[PDB]
file start-v2.cif (mmCIF, N, CA and C atoms and all ligand atoms)
data_coords
#
loop_
_atom_site.label_atom_id
_atom_site.label_comp_id
_atom_site.auth_asym_id
_atom_site.auth_seq_id
_atom_site.Cartn_x
_atom_site.Cartn_y
_atom_site.Cartn_z
N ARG A 1 14.06 -15.87 -6.05
CA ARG A 1 13.32 -14.70 -6.48
C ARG A 1 11.96 -14.74 -5.86
N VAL A 2 11.39 -15.94 -5.65
CA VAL A 2 9.99 -16.10 -5.18
C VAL A 2 9.78 -16.07 -3.65
N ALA A 3 10.62 -16.79 -2.97
CA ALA A 3 10.78 -16.69 -1.53
C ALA A 3 11.07 -15.23 -1.12
N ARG A 4 11.65 -14.46 -2.04
CA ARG A 4 12.01 -13.07 -1.76
C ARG A 4 10.73 -12.29 -1.94
N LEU A 5 10.02 -12.56 -3.04
CA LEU A 5 8.69 -11.98 -3.26
C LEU A 5 7.70 -12.19 -2.09
N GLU A 6 7.58 -13.42 -1.60
CA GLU A 6 6.70 -13.71 -0.47
C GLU A 6 7.00 -12.82 0.73
N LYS A 7 8.28 -12.65 1.10
CA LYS A 7 8.69 -11.73 2.21
C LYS A 7 8.20 -10.32 2.00
N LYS A 8 8.55 -9.76 0.84
CA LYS A 8 8.19 -8.39 0.50
C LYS A 8 6.69 -8.16 0.50
N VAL A 9 5.93 -9.08 -0.10
CA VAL A 9 4.47 -9.01 -0.13
C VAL A 9 3.88 -9.02 1.26
N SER A 10 4.42 -9.90 2.11
CA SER A 10 4.05 -9.96 3.49
C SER A 10 4.34 -8.64 4.24
N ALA A 11 5.55 -8.07 4.10
CA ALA A 11 5.79 -6.71 4.61
C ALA A 11 4.78 -5.63 4.04
N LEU A 12 4.59 -5.64 2.73
CA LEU A 12 3.61 -4.76 2.12
C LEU A 12 2.21 -4.88 2.74
N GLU A 13 1.79 -6.10 3.04
CA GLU A 13 0.47 -6.31 3.62
C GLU A 13 0.35 -5.66 4.97
N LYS A 14 1.40 -5.75 5.78
CA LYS A 14 1.39 -5.13 7.10
C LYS A 14 1.37 -3.59 6.98
N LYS A 15 2.16 -3.04 6.04
CA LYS A 15 2.21 -1.57 5.84
C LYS A 15 0.85 -1.06 5.33
N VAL A 16 0.28 -1.77 4.36
CA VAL A 16 -1.03 -1.43 3.87
C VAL A 16 -2.10 -1.49 5.00
N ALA A 17 -2.11 -2.55 5.82
CA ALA A 17 -3.00 -2.60 6.96
C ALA A 17 -2.84 -1.40 7.91
N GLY A 18 -1.62 -0.94 8.19
CA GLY A 18 -1.45 0.23 9.07
C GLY A 18 -2.02 1.51 8.45
N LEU A 19 -1.76 1.68 7.15
CA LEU A 19 -2.32 2.77 6.35
C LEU A 19 -3.87 2.78 6.28
N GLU A 20 -4.45 1.59 6.17
CA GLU A 20 -5.85 1.36 6.39
C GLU A 20 -6.28 1.83 7.79
N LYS A 21 -5.63 1.49 8.94
CA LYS A 21 -6.29 2.01 10.11
C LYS A 21 -6.06 3.49 10.06
N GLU A 22 -4.68 4.23 9.81
CA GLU A 22 -4.53 5.68 9.84
C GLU A 22 -5.56 6.37 9.00
N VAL A 23 -5.78 5.84 7.80
CA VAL A 23 -6.75 6.46 6.89
C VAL A 23 -8.19 6.42 7.47
N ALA A 24 -8.65 5.29 8.05
CA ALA A 24 -9.99 5.28 8.69
C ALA A 24 -10.08 6.34 9.82
N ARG A 25 -9.02 6.48 10.62
CA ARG A 25 -9.08 7.46 11.70
C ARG A 25 -9.20 8.89 11.10
N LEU A 26 -8.43 9.17 10.05
CA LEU A 26 -8.47 10.46 9.40
C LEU A 26 -9.84 10.81 8.82
N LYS A 27 -10.40 9.89 8.03
CA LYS A 27 -11.73 10.08 7.44
C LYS A 27 -12.78 10.36 8.51
N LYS A 28 -12.68 9.69 9.66
CA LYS A 28 -13.63 9.89 10.74
C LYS A 28 -13.49 11.29 11.32
N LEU A 29 -12.25 11.75 11.54
CA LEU A 29 -12.05 13.13 12.08
C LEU A 29 -12.45 14.23 11.06
N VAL A 30 -12.09 14.00 9.79
CA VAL A 30 -12.29 14.99 8.71
C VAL A 30 -13.79 15.10 8.26
N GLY A 31 -14.48 13.96 8.18
CA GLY A 31 -15.91 13.93 7.85
C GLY A 31 -16.06 14.44 6.43
N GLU A 32 -16.76 15.56 6.27
CA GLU A 32 -16.99 16.17 4.95
C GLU A 32 -17.28 15.11 3.86
N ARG B 1 6.31 -15.22 -15.18
CA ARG B 1 5.39 -14.90 -14.10
C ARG B 1 6.10 -14.04 -13.10
N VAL B 2 7.35 -14.39 -12.92
CA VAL B 2 8.12 -13.92 -11.78
C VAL B 2 8.67 -12.53 -12.02
N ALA B 3 9.02 -12.24 -13.25
CA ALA B 3 9.47 -10.93 -13.59
C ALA B 3 8.29 -10.01 -13.48
N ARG B 4 7.13 -10.48 -13.86
CA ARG B 4 5.93 -9.66 -13.77
C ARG B 4 5.77 -9.28 -12.30
N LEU B 5 5.82 -10.30 -11.43
CA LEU B 5 5.59 -10.10 -10.01
C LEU B 5 6.58 -9.11 -9.38
N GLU B 6 7.85 -9.20 -9.77
CA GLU B 6 8.89 -8.29 -9.26
C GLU B 6 8.68 -6.81 -9.64
N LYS B 7 8.27 -6.54 -10.89
CA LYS B 7 7.84 -5.21 -11.36
C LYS B 7 6.67 -4.73 -10.56
N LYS B 8 5.67 -5.58 -10.37
CA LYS B 8 4.49 -5.14 -9.64
C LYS B 8 4.80 -4.76 -8.15
N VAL B 9 5.56 -5.64 -7.50
CA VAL B 9 5.94 -5.50 -6.14
C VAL B 9 6.82 -4.26 -5.91
N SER B 10 7.81 -4.00 -6.78
CA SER B 10 8.56 -2.71 -6.75
C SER B 10 7.72 -1.48 -6.82
N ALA B 11 6.84 -1.47 -7.81
CA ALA B 11 5.87 -0.39 -7.96
C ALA B 11 4.97 -0.20 -6.69
N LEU B 12 4.47 -1.29 -6.09
CA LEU B 12 3.72 -1.19 -4.85
C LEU B 12 4.54 -0.60 -3.72
N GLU B 13 5.80 -1.02 -3.61
CA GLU B 13 6.63 -0.54 -2.52
C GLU B 13 6.79 0.99 -2.59
N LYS B 14 7.04 1.51 -3.79
CA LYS B 14 7.13 2.95 -3.97
C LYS B 14 5.79 3.66 -3.72
N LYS B 15 4.68 3.06 -4.14
CA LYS B 15 3.39 3.63 -3.87
C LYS B 15 3.05 3.63 -2.37
N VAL B 16 3.40 2.56 -1.67
CA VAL B 16 3.19 2.48 -0.22
C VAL B 16 4.06 3.52 0.49
N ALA B 17 5.27 3.68 -0.02
CA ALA B 17 6.20 4.65 0.48
C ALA B 17 5.55 6.01 0.38
N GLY B 18 4.95 6.33 -0.79
CA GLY B 18 4.33 7.67 -0.99
C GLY B 18 3.12 7.90 -0.11
N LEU B 19 2.37 6.83 0.10
CA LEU B 19 1.20 6.88 0.95
C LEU B 19 1.58 7.16 2.38
N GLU B 20 2.64 6.49 2.81
CA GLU B 20 3.11 6.63 4.15
C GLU B 20 3.52 8.05 4.42
N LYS B 21 4.33 8.92 3.65
CA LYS B 21 4.76 10.31 3.70
C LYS B 21 3.49 11.13 3.76
N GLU B 22 2.30 10.96 2.78
CA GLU B 22 1.12 11.80 2.69
C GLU B 22 0.36 11.67 3.99
N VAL B 23 0.24 10.43 4.48
CA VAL B 23 -0.49 10.15 5.70
C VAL B 23 0.24 10.75 6.93
N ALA B 24 1.58 10.69 6.97
CA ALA B 24 2.32 11.32 8.11
C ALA B 24 2.04 12.85 8.11
N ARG B 25 2.09 13.49 6.93
CA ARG B 25 1.75 14.91 6.83
C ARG B 25 0.29 15.15 7.30
N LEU B 26 -0.63 14.31 6.85
CA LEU B 26 -2.01 14.56 7.20
C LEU B 26 -2.26 14.33 8.69
N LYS B 27 -1.58 13.37 9.33
CA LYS B 27 -1.78 13.13 10.74
C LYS B 27 -1.28 14.32 11.57
N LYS B 28 -0.12 14.86 11.17
CA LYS B 28 0.41 16.04 11.81
C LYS B 28 -0.57 17.23 11.66
N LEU B 29 -1.16 17.42 10.47
CA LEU B 29 -2.09 18.56 10.28
C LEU B 29 -3.39 18.41 11.07
N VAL B 30 -4.15 17.36 10.76
CA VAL B 30 -5.37 17.00 11.48
C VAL B 30 -5.17 16.86 13.02
N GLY B 31 -4.00 16.35 13.45
CA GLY B 31 -3.67 16.17 14.88
C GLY B 31 -3.30 17.38 15.79
N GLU B 32 -3.03 18.56 15.21
CA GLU B 32 -2.87 19.86 15.95
C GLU B 32 -4.06 20.22 16.87
N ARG C 1 2.09 -21.86 -5.09
CA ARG C 1 2.71 -20.82 -4.29
C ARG C 1 2.68 -19.56 -5.09
N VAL C 2 3.22 -19.51 -6.55
CA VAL C 2 3.21 -18.34 -7.45
C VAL C 2 1.76 -17.86 -7.66
N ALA C 3 0.81 -18.76 -7.88
CA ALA C 3 -0.55 -18.29 -8.09
C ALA C 3 -1.13 -17.59 -6.83
N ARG C 4 -0.78 -18.06 -5.62
CA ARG C 4 -1.24 -17.38 -4.40
C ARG C 4 -0.60 -16.01 -4.28
N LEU C 5 0.66 -15.94 -4.70
CA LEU C 5 1.36 -14.66 -4.72
C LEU C 5 0.72 -13.65 -5.66
N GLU C 6 0.39 -14.11 -6.86
CA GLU C 6 -0.22 -13.27 -7.89
C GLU C 6 -1.54 -12.65 -7.40
N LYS C 7 -2.38 -13.44 -6.75
CA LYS C 7 -3.62 -12.97 -6.10
C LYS C 7 -3.27 -12.03 -4.95
N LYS C 8 -2.23 -12.33 -4.16
CA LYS C 8 -1.86 -11.40 -3.06
C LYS C 8 -1.50 -10.00 -3.54
N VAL C 9 -0.69 -9.96 -4.60
CA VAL C 9 -0.28 -8.75 -5.32
C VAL C 9 -1.43 -8.03 -6.06
N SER C 10 -2.27 -8.80 -6.74
CA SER C 10 -3.53 -8.26 -7.27
C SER C 10 -4.37 -7.54 -6.17
N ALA C 11 -4.67 -8.25 -5.06
CA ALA C 11 -5.42 -7.64 -3.90
C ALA C 11 -4.69 -6.35 -3.33
N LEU C 12 -3.38 -6.41 -3.21
CA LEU C 12 -2.64 -5.25 -2.73
C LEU C 12 -2.76 -4.08 -3.71
N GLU C 13 -2.65 -4.35 -5.01
CA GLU C 13 -2.80 -3.32 -6.04
C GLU C 13 -4.15 -2.61 -5.91
N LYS C 14 -5.23 -3.38 -5.79
CA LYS C 14 -6.58 -2.85 -5.62
C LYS C 14 -6.56 -1.94 -4.36
N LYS C 15 -6.07 -2.48 -3.22
CA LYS C 15 -6.06 -1.72 -1.95
C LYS C 15 -5.24 -0.42 -1.99
N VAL C 16 -4.06 -0.48 -2.57
CA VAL C 16 -3.22 0.71 -2.79
C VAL C 16 -3.95 1.79 -3.64
N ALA C 17 -4.53 1.41 -4.78
CA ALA C 17 -5.36 2.34 -5.59
C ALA C 17 -6.48 3.05 -4.78
N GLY C 18 -7.23 2.29 -3.99
CA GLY C 18 -8.30 2.85 -3.16
C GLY C 18 -7.72 3.80 -2.11
N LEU C 19 -6.61 3.39 -1.46
CA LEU C 19 -5.98 4.28 -0.49
C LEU C 19 -5.45 5.57 -1.17
N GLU C 20 -4.86 5.45 -2.36
CA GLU C 20 -4.44 6.64 -3.07
C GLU C 20 -5.62 7.57 -3.30
N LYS C 21 -6.79 6.99 -3.65
CA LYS C 21 -8.02 7.76 -3.93
C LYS C 21 -8.42 8.52 -2.68
N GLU C 22 -8.54 7.81 -1.55
CA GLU C 22 -8.94 8.40 -0.24
C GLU C 22 -7.98 9.44 0.29
N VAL C 23 -6.68 9.22 0.10
CA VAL C 23 -5.68 10.13 0.62
C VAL C 23 -5.71 11.43 -0.21
N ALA C 24 -6.00 11.30 -1.52
CA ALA C 24 -6.08 12.47 -2.39
C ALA C 24 -7.26 13.34 -2.01
N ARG C 25 -8.41 12.70 -1.69
CA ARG C 25 -9.64 13.35 -1.24
C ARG C 25 -9.33 14.09 0.09
N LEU C 26 -8.67 13.41 1.02
CA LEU C 26 -8.39 13.99 2.36
C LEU C 26 -7.48 15.23 2.30
N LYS C 27 -6.42 15.12 1.49
CA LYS C 27 -5.52 16.22 1.18
C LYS C 27 -6.31 17.44 0.71
N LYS C 28 -7.25 17.24 -0.22
CA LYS C 28 -8.13 18.28 -0.77
C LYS C 28 -8.97 18.89 0.36
N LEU C 29 -9.55 18.04 1.20
CA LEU C 29 -10.38 18.56 2.32
C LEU C 29 -9.61 19.34 3.40
N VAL C 30 -8.39 18.89 3.70
CA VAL C 30 -7.56 19.49 4.75
C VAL C 30 -6.89 20.79 4.29
N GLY C 31 -6.53 20.86 3.01
CA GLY C 31 -5.90 22.04 2.45
C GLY C 31 -4.41 22.07 2.75
N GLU C 32 -3.80 23.19 2.36
CA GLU C 32 -2.36 23.43 2.43
C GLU C 32 -2.20 24.79 3.00
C1 LIG D 101 14.35 -16.15 -4.78
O1 LIG D 101 13.81 -15.64 -3.82
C2 LIG D 101 15.43 -17.12 -4.53
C3 LIG D 101 16.47 -17.14 -5.46
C4 LIG D 101 17.54 -18.01 -5.29
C5 LIG D 101 17.56 -18.87 -4.18
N1 LIG D 101 18.66 -19.68 -4.09
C6 LIG D 101 18.87 -20.63 -3.19
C7 LIG D 101 18.55 -20.37 -1.73
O2 LIG D 101 19.35 -21.67 -3.59
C8 LIG D 101 16.51 -18.83 -3.24
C9 LIG D 101 15.43 -17.95 -3.40
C1 LIG D 102 -2.79 -1.60 12.71
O1 LIG D 102 -2.33 -0.53 12.25
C2 LIG D 102 -2.00 -2.87 12.53
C3 LIG D 102 -1.99 -3.82 13.59
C4 LIG D 102 -1.25 -5.00 13.43
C5 LIG D 102 -0.47 -5.23 12.26
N1 LIG D 102 0.27 -6.39 12.19
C6 LIG D 102 1.57 -6.43 11.82
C7 LIG D 102 2.27 -7.75 11.93
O2 LIG D 102 2.16 -5.42 11.38
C8 LIG D 102 -0.46 -4.26 11.25
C9 LIG D 102 -1.24 -3.09 11.36
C1 LIG D 103 6.45 -14.37 -16.22
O1 LIG D 103 6.03 -13.22 -16.15
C2 LIG D 103 7.07 -14.81 -17.54
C3 LIG D 103 6.73 -16.05 -18.06
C4 LIG D 103 7.28 -16.45 -19.27
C5 LIG D 103 8.14 -15.62 -19.99
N1 LIG D 103 8.66 -16.04 -21.19
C6 LIG D 103 9.10 -17.28 -21.44
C7 LIG D 103 9.83 -17.44 -22.76
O2 LIG D 103 8.92 -18.22 -20.65
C8 LIG D 103 8.47 -14.36 -19.48
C9 LIG D 103 7.94 -13.94 -18.26
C1 LIG D 104 11.35 9.53 0.86
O1 LIG D 104 11.57 8.60 1.67
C2 LIG D 104 12.51 10.28 0.30
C3 LIG D 104 12.59 10.83 -1.00
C4 LIG D 104 13.74 11.55 -1.35
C5 LIG D 104 14.82 11.72 -0.44
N1 LIG D 104 16.00 12.38 -0.72
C6 LIG D 104 16.24 13.09 -1.83
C7 LIG D 104 17.58 13.74 -1.97
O2 LIG D 104 15.41 13.15 -2.71
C8 LIG D 104 14.72 11.14 0.82
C9 LIG D 104 13.58 10.44 1.18
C1 LIG D 105 0.77 -21.81 -5.44
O1 LIG D 105 0.12 -20.76 -5.37
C2 LIG D 105 0.02 -23.04 -5.94
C3 LIG D 105 0.62 -24.26 -6.14
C4 LIG D 105 -0.06 -25.36 -6.63
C5 LIG D 105 -1.42 -25.28 -6.90
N1 LIG D 105 -2.20 -26.31 -7.39
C6 LIG D 105 -2.03 -27.63 -7.28
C7 LIG D 105 -3.13 -28.48 -7.87
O2 LIG D 105 -1.06 -28.15 -6.76
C8 LIG D 105 -2.01 -24.05 -6.67
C9 LIG D 105 -1.32 -22.94 -6.21
#

call {"tool": "encode", "arguments": {"input": "start-v2.cif", "output": "structure tokens", "more": "lines below"}}
Ligand SMILES: *C(=O)c1ccc(NC(C)=O)cc1
Ligand SMILES: *C(=O)c1ccc(NC(C)=O)cc1
Ligand SMILES: *C(=O)c1ccc(NC(C)=O)cc1
Ligand SMILES: *C(=O)c1ccc(NC(C)=O)cc1
Ligand SMILES: *C(=O)c1ccc(NC(C)=O)cc1
result
Amino acid sequence: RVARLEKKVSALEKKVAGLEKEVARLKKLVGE
Amino acid sequence: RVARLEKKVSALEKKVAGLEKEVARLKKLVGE
Amino acid sequence: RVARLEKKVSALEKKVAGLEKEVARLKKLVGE
């Protein structure tokens, strides 16, 4: 159950990091 | 501990999933 | 290992909440 958790958390971290760069690019273009 | 972690991780996966769909829509809009 | 996981999931939860906040703001600014 835990080794399974570590995998998933690791995948989540990568997805969250990608969302972090898309979101920074968006905020910069949108401004306001 | 572990059941707690599994509930949390499931909930994150669905939230990341939702973030990913909103951000794809926003990139398409802002990117025109 | 479980305690490092718990902190990893805690940090992800915080990050997901902030991204949800920013994406909601951006949606409002971009419109429909
Ligand atoms: C949890 O991730 C987990 C559960 C059961 C086992 N069983 C093995 C490999 O014996 C591993 C990991
Ligand atoms: C940027 O979006 C970015 C760059 C590298 C990674 N790394 C992995 C392993 O996904 C994530 C996000
Ligand atoms: C983990 O979330 C966890 C830890 C302990 C228990 N209950 C018992 C009886 O150990 C449930 C869940
Ligand atoms: C998001 O990936 C998502 C949500 C719903 C569906 N399909 C239906 C029938 O709801 C596909 C994909
Ligand atoms: C896993 O996160 C983990 C395992 C052991 C310890 N602490 C000691 C003293 O072994 C911390 C964290």

call {"tool": "axis_aligned_box", "arguments": {"input": "start-v2.cif", "around": "stretch 11-27 of chain B", "padding_each_side": "6 Å", "output": "JSON"}}
result
{"center_x": 2.4, "center_y": 6.8, "center_z": 1.8, "size_x": 21.4, "size_y": 28.6, "size_z": 31.5}

call {"tool": "residues_around", "arguments": {"input": "start-v2.cif", "residues": "residue B:6", "least_positions_apart": "6", "cutoff": "8 Å", "atoms": "all atoms listed in the file", "output": "MDAnalysis selection string"}}
result
(chainID A and resid 1 5) or (chainID B and resid 12)

call {"tool": "residues_around", "arguments": {"input": "start-v2.cif", "residues": "stretch 13-20 of chain A", "least_positions_apart": "6", "cutoff": "9 Å", "atoms": "only C-alpha atoms", "output": "PyMOL selection string"}}
result
(chain B and resi 16+19-20+23) or (chain C and resi 8+12+15-16+19)

call {"tool": "closest_atom_pairs", "arguments": {"input": "start-v2.cif", "of": "chain B", "to": "ligand LIG 103 (chain D)", "cutoff": "5 Å", "atoms": "all atoms listed in the file", "output": "Markdown table"}}
result
| residue | atom | partner | partner_atom | distance |
| --- | --- | --- | --- | --- |
| B:1 | N | D:LIG103 | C1 | 1.4 |
| B:2 | N | D:LIG103 | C1 | 3.4 |
| B:3 | N | D:LIG103 | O1 | 4.3 |
| B:4 | N | D:LIG103 | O1 | 3.7 |

call {"tool": "write_last_selection", "arguments": {"input": "start-v2.cif", "atoms": "N, CA and C atoms", "output": "PDB file, in the coordinates of the input"}}
result
ATOM      1  N   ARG B   1       6.310 -15.220 -15.180  1.00  0.00           N
ATOM      2  CA  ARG B   1       5.390 -14.900 -14.100  1.00  0.00           C
ATOM      3  C   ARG B   1       6.100 -14.040 -13.100  1.00  0.00           C
ATOM      4  N   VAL B   2       7.350 -14.390 -12.920  1.00  0.00           N
ATOM      5  CA  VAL B   2       8.120 -13.920 -11.780  1.00  0.00           C
ATOM      6  C   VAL B   2       8.670 -12.530 -12.020  1.00  0.00           C
ATOM      7  N   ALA B   3       9.020 -12.240 -13.250  1.00  0.00           N
ATOM      8  CA  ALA B   3       9.470 -10.930 -13.590  1.00  0.00           C
ATOM      9  C   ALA B   3       8.290 -10.010 -13.480  1.00  0.00           C
ATOM     10  N   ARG B   4       7.130 -10.480 -13.860  1.00  0.00           N
ATOM     11  CA  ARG B   4       5.930  -9.660 -13.770  1.00  0.00           C
ATOM     12  C   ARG B   4       5.770  -9.280 -12.300  1.00  0.00           C
TER      13      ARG B   4
END

call {"tool": "atom_distance", "arguments": {"input": "start-v2.cif", "atom1": "atom C of residue C:27", "atom2": "atom CA of residue A:9"}}
result
28.6 Å

call {"tool": "atom_distance", "arguments": {"input": "start-v2.cif", "atom1": "atom C of residue A:30", "atom2": "atom CA of residue C:21"}}
result
15.4 Å

call {"tool": "atom_distance", "arguments": {"input": "start-v2.cif", "atom1": "atom CA of residue B:26", "atom2": "atom CA of residue C:28"}}
result
10.7 Å
